[PDB]
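K.L.:
Going down the list, the sequences are from chains p and b. Residue numbers for the first sequence, in the entry's author numbering: 112 to 167. Residue numbers for the second sequence, in the entry's author numbering: 22 to 62. Shown below is the structure under consideration.
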Amino acid sequence: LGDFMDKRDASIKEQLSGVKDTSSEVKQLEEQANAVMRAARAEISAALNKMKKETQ
Amino acid sequence: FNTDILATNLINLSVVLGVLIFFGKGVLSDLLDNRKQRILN
């Protein structure tokens, strides 16, 4: 019975941690996506400027 | 070794064991169940 109690409690605590783990993983995913999108935009802008300046 | 029968030794004990089993299963299930709920929480 002691083992059963432990198993159930661990299963629940583990579920909470995983749920906590998943939330952090999704926050990281969102941050990475945001950073990547910024790079695209900024990168291209810089490119044109440098390219625009060279053309000029 | 042999059993000794008399209705004086145990009638006092039956009322006590009944009161304790009833009010003990009440407060014991309430406490134990509450603890289980907290673990589930």
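For each residue, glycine too, the CB sits at the ideal point set by N, CA and C.
Consult DSSP for residue 171 of chain p and reduce its assignment to one of helix, strand or coil.
P.N.:
Given a span of 112 to 167 for chain p in the structure shown, any question on residue 171 of chain p remains unanswerable.
K.L.:
Is the Cβ of residue 123 of chain p closer than 8 Å to any Cβ of chain b?
P.N.:
So, interface residue.
K.L.:
Against chain p, does residue 61 of chain b count as a neighbour if the rule is that its beta carbon must be under 8 Å from one of theirs?
P.N.:
Answer yes: the Cβ-Cβ gap between residue 61 of chain b and chain p drops below 8 Å somewhere.
K.L.:
Would residue 60 of chain b and residue 132 of chain p qualify as a contact pair, given that the criterion is a beta-carbon distance under 8 Å?
P.N.:
No, the Cβ-Cβ distance between residue 60 of chain b and residue 132 of chain p is not below 8 Å.
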